[PDB]
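# Sequence plus experimental coordinates follow:
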Amino acid sequence: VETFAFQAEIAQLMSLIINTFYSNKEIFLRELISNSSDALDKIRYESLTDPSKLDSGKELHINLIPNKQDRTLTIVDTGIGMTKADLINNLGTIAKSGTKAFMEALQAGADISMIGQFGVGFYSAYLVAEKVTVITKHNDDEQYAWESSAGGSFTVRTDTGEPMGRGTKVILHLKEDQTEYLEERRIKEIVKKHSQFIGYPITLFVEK
Ligand SMILES: CN1CCN(C(=O)c2cc(-c3nnc4ccc(Br)cn34)c(O)cc2O)CC1
């Protein structure tokens, strides 16, 4: 297990998201679905010139999996997945300018719902989650687990759990007061409201 510090700008963004009073929290799901859709677009495009890239799974989709027992909501996609360098370096550097611009906007009166327009909507996960675990598998690398409860650091390790094939699974460990996002009709309402134009199937797994 390796522990890393977030880029300073991102640690500051995370602390702001965690500490600011903001009731419109449902936007997190829209942002995570939009990120999955982007990862799905990338594998779909790559597969046009090299169909062997889908050997690890031909189905391109998004699953939403609430678990009231564990208090987690999982967003799974079969997109391109992330390499170790993506997890440690790349996502951070690509987010840096967006993060700085977003913090500046928040100063000039802009609101948290605009986070997506700056390309850093992933961190809106911390509106509802006390901890986020991400399991990922890219065709060119091993399966990894990323995890952060914020506070300035994240961890990366090789994942010895169930094999994913290809893609990314975001597991939100929800804050005690945010269990509404585990409810079937609330999830449907949110997806219909924000995510009605995504070009891949989004399937809600209903709890038994
Ligand atoms: C460069 N790309 C983008 C998306 N992608 C992915 O595999 C991918 C990334 C994120 C994601 N978006 N922001 C972050 C931040 C930290 C972590 Br961990 C994951 N993040 C996500 O929610 C879903 C995804 O399918 C493929 C590779």
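In hand now; what should we look at? Numbering: from 1, shown residues only.

# C-alpha from now on. contacts and neighbour counts both.
Will do.

# Can you tell me the closest non-neighbouring residue to residue 92?
Distances taken as C-alpha to C-alpha, 6 or more residues apart in numbering place residue 7 nearest to residue 92, at 6.8 Å, with adjacent residues excluded.

# what's the answer for residue 80, then?
Residue 80's closest residue in space is residue 43 (C-alpha to C-alpha, 6+ apart), at 4.7 Å.

# Give the buried residues for the host helix or strand of the one you found.
In this structure, residue 43 sits in helix 27-49 according to DSSP states H and E. Within helix 27-49, the residues that count as buried by 16 or more other C-alpha atoms under 10 Å are 27-37, 39-41, 43-44.

# ok now do residue 206, which residues does it touch?
The neighbourhood of residue 206, defined by C-alpha atoms under 8 Å, 6 or more residues apart in numbering, consists of 65, 66, 184.

# Next, find the distance separating it from the ligand.
Per C-alpha to the nearest ligand atom, to the nearest Å, residue 206 is found 21 Å from the ligand.

# Over to the residue in the chain positioned nearest to the ligand. Which of the three states is it?
Closest to the ligand within the chain is residue 81: 3.6 Å, counting by C-alpha to the nearest ligand atom. Following DSSP: H, G, I helix; E, B strand; the rest coil, we place residue 81 in the coil state.

# so it sits right up against residue 170, yeah?
No. The criterion here is C-alpha atoms under 8 Å, and residue 81 misses it with residue 170 at 11.4 Å.

# Spatially central residue in the protein, please.
residue 32 (4.5 Å; C-alpha atoms, centre = their mean).

# my read: that one touches residue 123, true?
No. Using C-alpha under 8 Å as the test, residue 32 is too far from residue 123 to be in contact (9.2 Å).

# which stretches of the chain form helices?
Ranges of helices within the chain are 8-19, 27-49, 84-85, 91-107, 184-194, based on DSSP state H.

# Reformat the ones you listed as CSV; add distance to residue 158.
Output for these, formatted as CSV (distance: least, C-alpha to C-alpha, whole Å):
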stretch, distance to residue 158
helix 8-19, 24
helix 27-49, 21
helix 84-85, 9
helix 91-107, 18
helix 184-194, 31
